[PDB]
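Participant: Structure file target.cif (mmCIF, C-alpha atoms and all ligand atoms) is given on the next line.
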```cif
data_run
loop_
_atom_site.label_atom_id
_atom_site.label_comp_id
_atom_site.auth_asym_id
_atom_site.auth_seq_id
_atom_site.Cartn_x
_atom_site.Cartn_y
_atom_site.Cartn_z
CA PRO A 17 24.24 -121.34 25.65
CA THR A 18 20.51 -121.14 26.60
CA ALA A 19 18.38 -123.95 28.08
CA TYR A 20 14.96 -122.28 28.51
CA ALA A 21 13.46 -118.98 27.34
CA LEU A 22 10.01 -117.39 27.33
CA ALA A 23 8.58 -114.29 25.67
CA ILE A 24 5.58 -112.04 26.15
CA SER A 25 3.75 -109.82 23.68
CA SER A 26 0.77 -107.48 23.74
CA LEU A 27 -1.86 -107.94 21.02
CA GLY A 28 -3.88 -104.89 22.15
CA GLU A 29 -7.60 -104.60 22.92
CA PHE A 30 -10.64 -106.30 21.39
CA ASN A 31 -14.44 -106.01 21.72
CA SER A 32 -14.82 -109.77 22.40
CA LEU A 33 -13.12 -112.40 24.56
CA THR A 34 -12.33 -114.43 21.43
CA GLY A 35 -12.84 -113.46 17.79
CA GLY A 36 -14.65 -110.17 17.11
CA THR A 37 -12.77 -107.02 16.14
CA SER A 38 -10.06 -104.81 17.64
CA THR A 39 -10.93 -101.76 19.73
CA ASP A 40 -9.26 -98.82 21.57
CA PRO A 41 -10.35 -96.16 22.23
CA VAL A 42 -13.16 -97.56 24.41
CA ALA A 43 -16.20 -95.68 25.75
CA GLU A 44 -16.70 -95.54 29.51
CA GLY A 45 -19.31 -98.14 30.58
CA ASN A 46 -18.43 -100.73 27.88
CA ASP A 47 -16.51 -103.96 28.38
CA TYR A 48 -13.32 -104.60 26.42
CA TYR A 49 -10.62 -107.33 26.36
CA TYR A 50 -6.85 -107.26 26.65
CA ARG A 51 -5.00 -110.06 24.83
CA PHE A 52 -1.43 -111.16 25.59
CA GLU A 53 0.69 -114.08 24.39
CA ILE A 54 3.24 -116.05 26.37
CA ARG A 55 5.53 -117.86 23.95
CA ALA A 56 7.91 -120.77 24.69
CA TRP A 57 11.25 -120.64 22.93
CA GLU A 58 11.38 -123.32 20.18
CA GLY A 59 15.00 -124.05 21.13
CA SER A 60 14.15 -124.84 24.78
CA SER A 61 15.64 -128.08 26.24
CA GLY A 62 12.15 -129.24 27.19
CA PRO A 63 8.61 -128.27 28.25
CA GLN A 64 8.25 -125.37 30.70
CA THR A 65 6.19 -125.54 33.90
CA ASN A 66 3.97 -123.16 35.88
CA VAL A 67 3.76 -120.72 32.98
CA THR A 68 1.99 -117.77 34.55
CA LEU A 69 0.58 -114.45 33.36
CA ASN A 70 0.28 -111.60 35.85
CA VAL A 71 -1.48 -108.41 34.80
CA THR A 72 -1.65 -105.34 37.08
CA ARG A 73 -3.24 -101.97 36.35
CA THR A 74 -0.52 -99.29 36.70
CA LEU A 75 -2.47 -96.19 35.59
CA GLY A 76 -6.08 -95.24 34.97
CA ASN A 77 -9.39 -96.40 36.36
CA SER A 78 -10.65 -99.31 34.21
CA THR A 79 -11.17 -102.50 36.22
CA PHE A 80 -10.76 -106.18 35.40
CA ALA A 81 -14.32 -107.47 35.34
CA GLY A 82 -16.23 -110.23 37.15
CA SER A 83 -15.07 -112.75 39.76
CA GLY A 84 -12.81 -114.59 37.26
CA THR A 85 -15.08 -116.97 35.29
CA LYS A 86 -13.28 -118.80 32.46
CA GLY A 87 -15.06 -118.26 29.14
CA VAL A 88 -16.62 -114.97 30.38
CA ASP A 89 -13.97 -112.89 32.29
CA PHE A 90 -10.88 -114.57 30.81
CA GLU A 91 -9.82 -117.17 28.25
CA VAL A 92 -6.63 -119.15 27.71
CA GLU A 93 -5.89 -120.67 24.32
CA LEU A 94 -3.06 -123.00 23.35
CA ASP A 95 -1.44 -123.01 19.94
CA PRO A 96 0.35 -126.38 20.40
CA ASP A 97 3.01 -125.78 17.69
CA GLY A 98 3.05 -121.94 17.92
CA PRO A 99 4.09 -120.12 14.69
CA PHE A 100 6.13 -123.24 13.71
CA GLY A 101 3.09 -125.25 12.54
CA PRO A 102 -0.51 -124.89 11.23
CA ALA A 103 -2.33 -125.96 14.42
CA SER A 104 -4.67 -123.16 15.57
CA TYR A 105 -5.39 -121.62 18.93
CA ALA A 106 -8.12 -123.47 20.83
CA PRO A 107 -9.37 -122.83 24.41
CA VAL A 108 -7.68 -125.10 26.96
CA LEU A 109 -9.63 -127.17 29.51
CA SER A 110 -10.87 -125.29 32.56
CA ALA A 111 -8.86 -127.62 34.82
CA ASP A 112 -5.67 -126.58 32.95
CA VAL A 113 -5.82 -122.99 34.27
CA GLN A 114 -5.41 -122.03 37.94
CA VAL A 115 -6.73 -118.59 38.90
CA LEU A 116 -4.12 -117.40 41.42
CA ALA A 117 -5.67 -113.90 41.67
CA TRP A 118 -8.69 -112.09 40.23
CA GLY A 119 -9.73 -108.56 41.14
CA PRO A 120 -10.40 -105.04 39.77
CA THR A 121 -6.72 -103.89 39.66
CA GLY A 122 -4.99 -107.19 38.90
CA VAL A 123 -5.23 -110.81 37.74
CA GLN A 124 -2.88 -113.79 37.80
CA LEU A 125 -3.41 -116.92 35.66
CA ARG A 126 -1.26 -120.07 35.73
CA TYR A 127 -1.27 -122.73 32.99
CA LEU A 128 -0.90 -126.10 34.76
CA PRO A 129 0.15 -128.46 31.88
CA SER A 130 3.75 -128.11 30.69
CA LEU A 131 4.30 -125.82 27.70
CA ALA A 132 6.22 -127.54 24.89
CA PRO A 133 9.09 -125.66 23.17
CA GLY A 134 7.68 -123.38 20.42
CA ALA A 135 4.10 -123.54 21.72
CA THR A 136 2.20 -120.35 22.59
CA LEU A 137 -0.60 -119.36 24.98
CA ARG A 138 -3.06 -116.52 24.34
CA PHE A 139 -4.64 -114.87 27.41
CA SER A 140 -7.81 -112.78 26.98
CA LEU A 141 -8.98 -110.61 29.92
CA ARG A 142 -12.28 -108.74 30.35
CA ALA A 143 -12.21 -105.19 31.78
CA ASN A 144 -14.82 -102.46 32.45
CA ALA A 145 -13.83 -99.15 30.83
CA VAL A 146 -13.78 -96.13 33.20
CA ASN A 147 -12.83 -92.37 32.75
CA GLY A 148 -11.04 -89.86 30.36
CA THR A 149 -7.56 -90.95 31.70
CA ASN A 150 -5.65 -93.66 29.83
CA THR A 151 -5.71 -97.10 31.45
CA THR A 152 -2.27 -98.77 31.37
CA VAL A 153 -1.64 -102.39 32.43
CA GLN A 154 1.62 -104.20 33.18
CA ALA A 155 1.73 -107.78 31.85
CA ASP A 156 4.37 -110.23 33.20
CA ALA A 157 5.25 -113.75 32.00
CA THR A 158 7.15 -116.32 34.04
CA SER A 159 7.81 -120.01 34.09
CA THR A 160 9.72 -122.04 36.71
CA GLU A 161 12.60 -122.44 34.22
CA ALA A 162 12.46 -118.85 32.92
CA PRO A 163 11.61 -116.37 35.76
CA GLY A 164 12.43 -113.45 33.45
CA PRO A 165 11.17 -110.91 34.14
CA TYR A 166 9.34 -110.60 30.79
CA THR A 167 7.21 -107.44 30.93
CA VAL A 168 5.07 -105.33 28.59
CA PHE A 169 2.75 -102.31 29.09
CA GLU A 170 -0.43 -101.88 27.03
CA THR A 171 -2.42 -98.63 27.18
CA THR A 172 -6.11 -97.99 26.48
CA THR A 173 -7.73 -94.63 25.68
CA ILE A 174 -11.01 -94.35 27.64
CA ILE A 175 -13.66 -91.87 26.44
CA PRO A 176 -15.66 -90.33 29.38
CA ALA B 19 -13.45 -83.35 20.44
CA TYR B 20 -10.43 -85.53 19.40
CA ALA B 21 -8.73 -88.69 20.72
CA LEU B 22 -6.14 -91.22 19.58
CA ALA B 23 -5.06 -94.63 20.81
CA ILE B 24 -1.99 -96.88 20.44
CA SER B 25 -1.58 -100.67 20.71
CA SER B 26 1.26 -103.15 20.38
CA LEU B 27 0.71 -106.13 18.01
CA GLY B 28 4.04 -107.72 19.03
CA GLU B 29 6.89 -109.02 16.86
CA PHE B 30 6.79 -110.71 13.46
CA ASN B 31 9.40 -112.40 11.26
CA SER B 32 8.40 -110.29 8.20
CA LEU B 33 7.64 -106.61 7.59
CA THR B 34 4.12 -107.55 6.42
CA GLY B 35 2.32 -110.93 6.66
CA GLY B 36 4.48 -113.91 7.66
CA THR B 37 4.25 -115.31 11.22
CA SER B 38 4.65 -113.98 14.74
CA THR B 39 7.99 -114.28 16.53
CA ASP B 40 9.66 -113.56 19.90
CA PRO B 41 11.95 -114.88 21.19
CA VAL B 42 14.45 -113.92 18.47
CA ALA B 43 18.00 -115.24 17.98
CA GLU B 44 20.86 -112.74 18.02
CA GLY B 45 21.88 -111.96 14.43
CA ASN B 46 18.34 -112.26 12.98
CA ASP B 47 16.07 -109.46 11.80
CA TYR B 48 12.58 -109.13 13.30
CA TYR B 49 9.76 -106.55 13.12
CA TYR B 50 7.72 -104.62 15.70
CA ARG B 51 4.14 -103.69 14.75
CA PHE B 52 2.07 -100.94 16.34
CA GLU B 53 -1.31 -99.41 15.55
CA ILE B 54 -2.36 -95.79 15.91
CA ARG B 55 -6.14 -95.58 16.04
CA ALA B 56 -8.28 -92.47 15.51
CA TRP B 57 -11.26 -92.20 17.83
CA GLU B 58 -14.49 -92.77 15.85
CA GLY B 59 -16.17 -89.96 17.87
CA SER B 60 -13.51 -87.39 16.84
CA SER B 61 -14.96 -84.10 15.48
CA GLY B 62 -12.92 -84.46 12.28
CA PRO B 63 -9.72 -85.84 10.68
CA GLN B 64 -6.46 -85.58 12.68
CA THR B 65 -3.17 -84.10 11.40
CA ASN B 66 0.53 -84.85 12.01
CA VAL B 67 -0.26 -88.34 13.35
CA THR B 68 3.18 -89.49 14.45
CA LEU B 69 4.73 -92.69 15.78
CA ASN B 70 7.85 -92.24 17.87
CA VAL B 71 9.68 -95.45 18.86
CA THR B 72 12.74 -95.39 21.14
CA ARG B 73 14.71 -98.24 22.75
CA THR B 74 14.34 -98.21 26.57
CA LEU B 75 16.16 -101.47 27.46
CA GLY B 76 18.51 -103.94 25.80
CA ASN B 77 20.76 -103.92 22.77
CA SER B 78 18.72 -104.64 19.59
CA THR B 79 18.84 -101.84 17.01
CA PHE B 80 16.42 -100.46 14.42
CA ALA B 81 17.86 -101.56 11.08
CA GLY B 82 18.78 -99.78 7.85
CA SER B 83 18.73 -96.07 7.03
CA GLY B 84 14.88 -95.89 6.91
CA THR B 85 13.78 -97.25 3.52
CA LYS B 86 10.02 -97.72 3.17
CA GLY B 87 9.12 -101.27 2.16
CA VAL B 88 12.35 -102.64 3.76
CA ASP B 89 13.04 -100.97 7.14
CA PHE B 90 9.49 -99.81 7.80
CA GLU B 91 5.95 -99.98 6.47
CA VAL B 92 2.81 -97.92 7.09
CA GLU B 93 -0.65 -99.27 6.24
CA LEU B 94 -4.04 -97.47 6.38
CA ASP B 95 -7.30 -99.23 7.24
CA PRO B 96 -9.60 -96.39 6.16
CA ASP B 97 -12.63 -97.49 8.27
CA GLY B 98 -10.67 -99.20 11.07
CA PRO B 99 -12.53 -102.04 12.85
CA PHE B 100 -15.84 -100.31 12.00
CA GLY B 101 -15.91 -101.48 8.38
CA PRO B 102 -14.56 -104.32 6.18
CA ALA B 103 -12.04 -102.27 4.23
CA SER B 104 -8.60 -103.90 4.66
CA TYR B 105 -5.14 -102.50 5.46
CA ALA B 106 -3.15 -101.39 2.39
CA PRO B 107 0.32 -99.72 2.28
CA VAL B 108 0.18 -95.92 1.92
CA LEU B 109 2.21 -94.00 -0.67
CA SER B 110 5.84 -93.26 0.25
CA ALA B 111 5.26 -89.51 -0.01
CA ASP B 112 2.51 -89.87 2.67
CA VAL B 113 5.13 -90.85 5.30
CA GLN B 114 7.68 -88.30 6.52
CA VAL B 115 10.76 -89.86 8.12
CA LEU B 116 11.47 -87.39 10.96
CA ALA B 117 14.16 -89.67 12.45
CA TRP B 118 15.71 -93.05 11.76
CA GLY B 119 18.58 -94.50 13.78
CA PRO B 120 19.63 -97.60 15.75
CA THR B 121 18.02 -96.43 19.03
CA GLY B 122 15.02 -94.41 17.78
CA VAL B 123 12.68 -93.86 14.81
CA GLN B 124 9.98 -91.27 14.18
CA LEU B 125 7.39 -91.66 11.44
CA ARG B 126 4.75 -89.05 10.59
CA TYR B 127 1.65 -89.72 8.46
CA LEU B 128 1.11 -86.61 6.35
CA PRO B 129 -2.53 -86.98 5.09
CA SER B 130 -5.23 -86.32 7.68
CA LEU B 131 -6.51 -89.40 9.54
CA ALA B 132 -10.28 -89.80 9.44
CA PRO B 133 -12.24 -90.64 12.64
CA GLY B 134 -12.29 -94.42 13.23
CA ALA B 135 -9.43 -95.05 10.74
CA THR B 136 -6.30 -96.92 11.86
CA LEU B 137 -2.62 -96.97 10.82
CA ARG B 138 -0.35 -100.00 11.21
CA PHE B 139 3.42 -99.34 11.50
CA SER B 140 5.99 -102.11 10.97
CA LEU B 141 9.66 -101.57 11.96
CA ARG B 142 12.73 -103.67 11.17
CA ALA B 143 15.22 -104.32 14.02
CA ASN B 144 18.43 -106.38 14.34
CA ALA B 145 18.40 -108.73 17.35
CA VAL B 146 21.30 -108.43 19.84
CA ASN B 147 22.17 -109.94 23.28
CA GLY B 148 20.82 -112.19 26.11
CA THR B 149 19.07 -109.12 27.64
CA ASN B 150 15.49 -108.34 26.62
CA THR B 151 15.07 -105.45 24.21
CA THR B 152 12.17 -103.18 25.22
CA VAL B 153 10.90 -100.30 23.05
CA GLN B 154 8.72 -97.33 23.93
CA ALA B 155 6.09 -96.52 21.30
CA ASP B 156 4.37 -93.10 21.45
CA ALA B 157 1.42 -91.86 19.35
CA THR B 158 0.53 -88.17 18.94
CA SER B 159 -1.44 -85.88 16.68
CA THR B 160 -1.79 -82.09 16.56
CA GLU B 161 -5.37 -82.35 17.90
CA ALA B 162 -4.68 -85.15 20.43
CA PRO B 163 -1.15 -84.51 21.80
CA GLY B 164 -1.43 -87.32 24.35
CA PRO B 165 1.04 -88.78 24.73
CA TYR B 166 -0.28 -92.33 24.24
CA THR B 167 2.45 -94.85 25.12
CA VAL B 168 3.07 -98.62 25.16
CA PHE B 169 6.14 -100.77 25.83
CA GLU B 170 6.79 -103.97 23.83
CA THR B 171 9.53 -106.37 24.92
CA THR B 172 11.51 -108.95 22.95
CA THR B 173 13.49 -111.91 24.33
CA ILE B 174 16.84 -112.17 22.52
CA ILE B 175 18.72 -115.48 22.48
CA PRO B 176 22.55 -114.95 22.62
CA CA C 1 7.19 -109.45 22.57
CA CA C 2 0.27 -123.01 15.17
CA CA C 3 -4.11 -100.03 23.21
CA CA C 4 -11.54 -101.92 8.17
#
```
What do you get writing this file as structure tokens?
Facilitator:
Amino acid sequence: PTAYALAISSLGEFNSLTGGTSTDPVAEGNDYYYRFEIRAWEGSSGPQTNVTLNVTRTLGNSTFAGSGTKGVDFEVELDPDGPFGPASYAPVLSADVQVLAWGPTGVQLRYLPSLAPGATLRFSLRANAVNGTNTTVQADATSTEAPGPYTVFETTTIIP
Amino acid sequence: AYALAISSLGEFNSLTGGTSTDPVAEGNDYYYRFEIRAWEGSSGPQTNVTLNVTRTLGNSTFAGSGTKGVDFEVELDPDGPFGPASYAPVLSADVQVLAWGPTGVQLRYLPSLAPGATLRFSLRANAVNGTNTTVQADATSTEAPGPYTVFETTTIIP
């Protein structure tokens, strides 16, 4: 018997914040973008609150870029009906995302509106590529109702 | 001289196409997808490009005895993101099944993998438990031993 559940997934790296094409490996000195989804269980008793992505760099030398400008350094898109309906991802309002932390080795982004059962959020995160060591990042999803943990690790090959 | 990369694409409700999933209800099949990606700057094609996937947490199991088109799929995008050629399934004889069991699978692409080209692997699993299933995906080639490793995690509803 389950009241609330959340899920996280890695979508890998891309050459643009939104759209564009996939990448990895990445050349040192170029920007690239990690994308992750947080997904609300369709069977949830209700909307979920304080749905938050935390990403931390665990290995390697690439750095999350900028001071945390929405539309440049990160994006958050809502698919209001998730995979259960034909509504597409669209960027959410700037006021709907709280930047709890933004720095070279980690970021934390909280979605302020409640997340309806089945709905999904896509987080896109700009990074500067650095070194011939793989960059690995730990991505964590939480809500108030579903603390998890829900954790993935995505890895990027960086060409020196 | 040579480099590889790996990425998770997350879970899907079909082997190819269909829609994304996760969470998954216990009792249902679902599919992990991973890409192995040949560095465009590589000196030449790479050999023995292998995906190894092993369960690190939870109770979901890789399904079936390892039948291509049912339990797994391997697609080649011959020019990767660098050109508009699409993914298409490779021939069965181009994929060596080094291992296939509930807790681990190993799939080797036998033709050489051209610089810039990408492979997409899809893997059927049976969902079990109210603990998250997490899998470790490793990419290797002869010329780029790595390893290159990601961890994808699935929420399973009891
Ligand atoms: Ca997942
Ligand atoms: Ca939708
Ligand atoms: Ca990757
Ligand atoms: Ca292509």
Participant: Residues of chain B no more than 8 Å from chain A, counting only C-alpha atoms: send them over as a list in words.
Facilitator: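 Matching residues, ligands excluded from the count: residues 21, 22, 23, 24, 25, 26, 27, 28, 29, 37, 38, 39, 40, 41, 55, 56, 57, 99, 150, 166, 167, 168, 169, 170, 171, 172, 173, 175 and 176 of chain B.
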Participant: Residues as selected, C-alpha atoms, written as a JSON list (two decimals), in the frame of the given file, can you do that?
Facilitator:
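File result_20.json, as written:
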```json
[["chain", "number", "residue", "atom", "x", "y", "z"],
["B", 21, "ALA", "CA", -8.73, -88.69, 20.72],
["B", 22, "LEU", "CA", -6.14, -91.22, 19.58],
["B", 23, "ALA", "CA", -5.06, -94.63, 20.81],
["B", 24, "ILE", "CA", -1.99, -96.88, 20.44],
["B", 25, "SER", "CA", -1.58, -100.67, 20.71],
["B", 26, "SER", "CA", 1.26, -103.15, 20.38],
["B", 27, "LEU", "CA", 0.71, -106.13, 18.01],
["B", 28, "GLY", "CA", 4.04, -107.72, 19.03],
["B", 29, "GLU", "CA", 6.89, -109.02, 16.86],
["B", 37, "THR", "CA", 4.25, -115.31, 11.22],
["B", 38, "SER", "CA", 4.65, -113.98, 14.74],
["B", 39, "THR", "CA", 7.99, -114.28, 16.53],
["B", 40, "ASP", "CA", 9.66, -113.56, 19.90],
["B", 41, "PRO", "CA", 11.95, -114.88, 21.19],
["B", 55, "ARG", "CA", -6.14, -95.58, 16.04],
["B", 56, "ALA", "CA", -8.28, -92.47, 15.51],
["B", 57, "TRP", "CA", -11.26, -92.20, 17.83],
["B", 99, "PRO", "CA", -12.53, -102.04, 12.85],
["B", 150, "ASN", "CA", 15.49, -108.34, 26.62],
["B", 166, "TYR", "CA", -0.28, -92.33, 24.24],
["B", 167, "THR", "CA", 2.45, -94.85, 25.12],
["B", 168, "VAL", "CA", 3.07, -98.62, 25.16],
["B", 169, "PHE", "CA", 6.14, -100.77, 25.83],
["B", 170, "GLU", "CA", 6.79, -103.97, 23.83],
["B", 171, "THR", "CA", 9.53, -106.37, 24.92],
["B", 172, "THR", "CA", 11.51, -108.95, 22.95],
["B", 173, "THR", "CA", 13.49, -111.91, 24.33],
["B", 175, "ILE", "CA", 18.72, -115.48, 22.48],
["B", 176, "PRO", "CA", 22.55, -114.95, 22.62]]
```
Participant: What residues have any atom no more than 7 Å from ligand CA 4 (chain C) when counting only C-alpha atoms and all ligand atoms, and can you list them as a list in words?
Facilitator: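 The residues near ligand CA 4 (chain C) are residues 95, 96, 97, 98, 99, 100, 101, 102, 103, 104 and 105 of chain B.
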Participant: Quick one: what's the axis-aligned box for range 138-148 of chain A, all listed atoms, 6 Å on every side, centre and edges in Å to one decimal, as JSON?
Facilitator:
```
{"center_x": -8.9, "center_y": -103.2, "center_z": 28.8, "size_x": 23.8, "size_y": 38.7, "size_z": 20.9}
```
Participant: Do a neighbour search on range 111-122 of chain B at 6 Å with all atoms listed in the file, toss out local chain neighbours closer than 5 positions, and write the hits as a count of residues only.
Facilitator: 8
Participant: Which residues come within 12 Å of range 111-127 of chain A, counting all atoms listed in the file, excluding same-chain residues fewer than 5 positions away, as an MDAnalysis selection string?
Facilitator: chainID A and resid 50 52 54 64:87 89:94 136:146 151:160
Participant: Take the residues that were just selected and, keeping C-alpha atoms, output them as an mmCIF file, in the frame of the given file.
Facilitator:
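Result saved to result-v4.cif:
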```cif
data_model
loop_
_atom_site.group_PDB
_atom_site.id
_atom_site.type_symbol
_atom_site.label_atom_id
_atom_site.label_comp_id
_atom_site.auth_asym_id
_atom_site.auth_seq_id
_atom_site.Cartn_x
_atom_site.Cartn_y
_atom_site.Cartn_z
ATOM 1 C CA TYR A 50 -6.850 -107.260 26.650
ATOM 2 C CA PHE A 52 -1.430 -111.160 25.590
ATOM 3 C CA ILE A 54 3.240 -116.050 26.370
ATOM 4 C CA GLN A 64 8.250 -125.370 30.700
ATOM 5 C CA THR A 65 6.190 -125.540 33.900
ATOM 6 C CA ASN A 66 3.970 -123.160 35.880
ATOM 7 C CA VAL A 67 3.760 -120.720 32.980
ATOM 8 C CA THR A 68 1.990 -117.770 34.550
ATOM 9 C CA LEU A 69 0.580 -114.450 33.360
ATOM 10 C CA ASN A 70 0.280 -111.600 35.850
ATOM 11 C CA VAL A 71 -1.480 -108.410 34.800
ATOM 12 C CA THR A 72 -1.650 -105.340 37.080
ATOM 13 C CA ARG A 73 -3.240 -101.970 36.350
ATOM 14 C CA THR A 74 -0.520 -99.290 36.700
ATOM 15 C CA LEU A 75 -2.470 -96.190 35.590
ATOM 16 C CA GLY A 76 -6.080 -95.240 34.970
ATOM 17 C CA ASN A 77 -9.390 -96.400 36.360
ATOM 18 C CA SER A 78 -10.650 -99.310 34.210
ATOM 19 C CA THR A 79 -11.170 -102.500 36.220
ATOM 20 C CA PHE A 80 -10.760 -106.180 35.400
ATOM 21 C CA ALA A 81 -14.320 -107.470 35.340
ATOM 22 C CA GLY A 82 -16.230 -110.230 37.150
ATOM 23 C CA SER A 83 -15.070 -112.750 39.760
ATOM 24 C CA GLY A 84 -12.810 -114.590 37.260
ATOM 25 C CA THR A 85 -15.080 -116.970 35.290
ATOM 26 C CA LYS A 86 -13.280 -118.800 32.460
ATOM 27 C CA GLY A 87 -15.060 -118.260 29.140
ATOM 28 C CA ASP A 89 -13.970 -112.890 32.290
ATOM 29 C CA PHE A 90 -10.880 -114.570 30.810
ATOM 30 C CA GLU A 91 -9.820 -117.170 28.250
ATOM 31 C CA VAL A 92 -6.630 -119.150 27.710
ATOM 32 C CA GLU A 93 -5.890 -120.670 24.320
ATOM 33 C CA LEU A 94 -3.060 -123.000 23.350
ATOM 34 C CA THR A 136 2.200 -120.350 22.590
ATOM 35 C CA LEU A 137 -0.600 -119.360 24.980
ATOM 36 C CA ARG A 138 -3.060 -116.520 24.340
ATOM 37 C CA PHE A 139 -4.640 -114.870 27.410
ATOM 38 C CA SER A 140 -7.810 -112.780 26.980
ATOM 39 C CA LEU A 141 -8.980 -110.610 29.920
ATOM 40 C CA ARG A 142 -12.280 -108.740 30.350
ATOM 41 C CA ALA A 143 -12.210 -105.190 31.780
ATOM 42 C CA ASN A 144 -14.820 -102.460 32.450
ATOM 43 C CA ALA A 145 -13.830 -99.150 30.830
ATOM 44 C CA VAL A 146 -13.780 -96.130 33.200
ATOM 45 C CA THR A 151 -5.710 -97.100 31.450
ATOM 46 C CA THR A 152 -2.270 -98.770 31.370
ATOM 47 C CA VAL A 153 -1.640 -102.390 32.430
ATOM 48 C CA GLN A 154 1.620 -104.200 33.180
ATOM 49 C CA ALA A 155 1.730 -107.780 31.850
ATOM 50 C CA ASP A 156 4.370 -110.230 33.200
ATOM 51 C CA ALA A 157 5.250 -113.750 32.000
ATOM 52 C CA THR A 158 7.150 -116.320 34.040
ATOM 53 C CA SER A 159 7.810 -120.010 34.090
ATOM 54 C CA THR A 160 9.720 -122.040 36.710
#
```
Participant: Please, what distance in Å, to one decimal, runs between CA of residue 124 in chain B and CA of residue 30 in chain B?
Facilitator: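 Those two atoms sit 19.7 Å apart.
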Participant: Kindly give the distance, in Å, that separates CA of residue 145 in chain B and CA of residue 70 in chain B, rounded to a single decimal.
Facilitator: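 Going from CA of residue 145 in chain B over to CA of residue 70 in chain B, I get 19.6 Å.
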Participant: Between CA of residue 135 in chain A and CA of residue 154 in chain B, what is the distance in Å, rounded to a tenth?
Facilitator: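 Distance reported for this atom pair: 26.7 Å.
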Participant: What does the list of residues within 7 Å of ligand CA 2 (chain C) look like if you count only C-alpha atoms and all ligand atoms, written as a list in words?
Facilitator: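 For ligand CA 2 (chain C), the residues inside 7 Å are residues 95, 96, 97, 98, 99, 100, 101, 102, 103, 104 and 105 of chain A.
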Participant: With distances taken over only C-alpha atoms, which residue among B:92, B:81, B:69, B:155 lies nearest residue 142 in chain B?
Facilitator: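 So, comparing all the options, the nearest one is B:81.
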Participant: Do you know which residues are at most 8 Å from residue 63 in chain B counting all atoms listed in the file, after dropping those on the same chain fewer than 3 positions away, and could you put them as an NGL selection string?
Facilitator: :B and (60 or 130-133)
Participant: Smallest atom-to-atom distance to residue 176 in chain A: which of A:47, A:19, A:149, A:109, using only C-alpha atoms?
Facilitator: A:149
